[PDB]
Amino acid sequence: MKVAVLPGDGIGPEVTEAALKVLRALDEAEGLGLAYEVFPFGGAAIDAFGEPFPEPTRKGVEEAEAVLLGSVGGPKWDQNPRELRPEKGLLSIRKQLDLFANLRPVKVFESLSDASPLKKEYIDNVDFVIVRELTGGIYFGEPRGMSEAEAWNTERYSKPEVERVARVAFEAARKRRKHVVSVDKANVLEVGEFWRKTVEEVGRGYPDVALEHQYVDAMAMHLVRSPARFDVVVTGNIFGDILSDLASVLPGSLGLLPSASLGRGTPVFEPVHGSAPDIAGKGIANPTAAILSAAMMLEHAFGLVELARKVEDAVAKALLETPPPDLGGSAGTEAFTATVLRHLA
């Protein structure tokens, strides 16, 4: 199991290391062969190497079997230009490893039910994964323009780009409850008729997984009225991007969520949450999203679905037993990483 580890800025060192603490325990216990190496990335490499993704790191993520990415970003850099700022590097590692699908899981852990905005009965048993196409459509599509008179922008997709994110979706489905929902605007737009027939062709090859289709506006209503009804949701870019932010309010007690970019190269896994500079060093950072991005690596990079679920129970249990300060408890990073480990022994 070869992991290039890029802990990034701010809290990235602290919470990326609590992830590795869970992974070295499973590694010991199951003998998985974890070989990892830490590489420079972000505000720290701007300072050190004079750019956010230096070629040691270009090579490192190019040759590992997984990247464990922390978080970059800091005010310090914003003022200096454009390709010298933490975030540029975030797109450079996406381009290089040819990543085209972004997986975002939302789970509401029975113990933090009361933190959610929805009544308990609507969040019970939410466990779903939205996989959003990453590189196509209206944000990148052309023609585009702006005149004194008007402005234009094209949503455009080719069969290859639809089949790519669709296979990730089905394969992603096989490892959890076997149902895909594709999301489109097929009843009005033709990009969406297209998307619809192609997801349905590709679905033929995955017989063990169920396929259904929904319109973006009906799926926006279902994520608040019945979100426990989905397993994997696959959609385009702007709709994945809108429906993943609406879906991120369902847990409530934010900060807990993991993200993973997948594709031809090396899968990148990271917590959704940035640098949090305010609190780097104090030891209170909540590691729940780094420990769960690790669980996603094990599931998507190495296919060890059964260990990924046992790490997601240890963190569920742990969240119930020792809520971090940010969730009305007092367990900092280490004491929380502890009880996670104390559950998967």
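Sequential numbering from 1, following the sequence displayed.
**Q** Mean Cα B factor from the PDB record: higher for 328-336, or higher for 13-21?
**A** Taking the mean C-alpha B-factor of 328-336 and of 13-21, the larger value falls to 328-336.
**Q** So 142-150 or 219-227, which one's hotter by mean CA B-factor in the entry?
**A** So the stretch with the higher mean C-alpha B-factor is 142-150.
**Q** Highest Cα B-factor in the PDB entry belongs to which of 128, 109, 239, 269?
**A** Going by the entry's C-alpha B-factors, 109 comes out highest.
**Q** In the PDB entry, which of 258, 89, 251, 263 has its C-alpha at the highest B-factor?
**A** That would be 89, according to the entry.
**Q** Within this chain's modelled residues, let me know which third the CA B factor of residue 317 belongs to: lowest, middle or highest.
**A** Ranked within chain, residue 317 CA B lands in the highest tercile.
**Q** Residue 304: which third of its chain by C-alpha temperature factor?
**A** Tercile = middle for this residue's CA B-factor.
**Q** If you rank the chain by CA B-factor, which third does residue 113 end up in: lowest, middle or highest?
**A** It falls in the top third of the chain.
**Q** Looking at the temperature factor on the CA atom of residue 211, which third of the chain's modelled residues does it land in?
**A** For residue 211, the deposited C-alpha B-factor lands in the middle third.
**Q** Using the temperature factors of the C-alpha atoms in this entry, rank residue 289 within its chain: lowest, middle or highest third.
**A** Bottom third by C-alpha B-factor.
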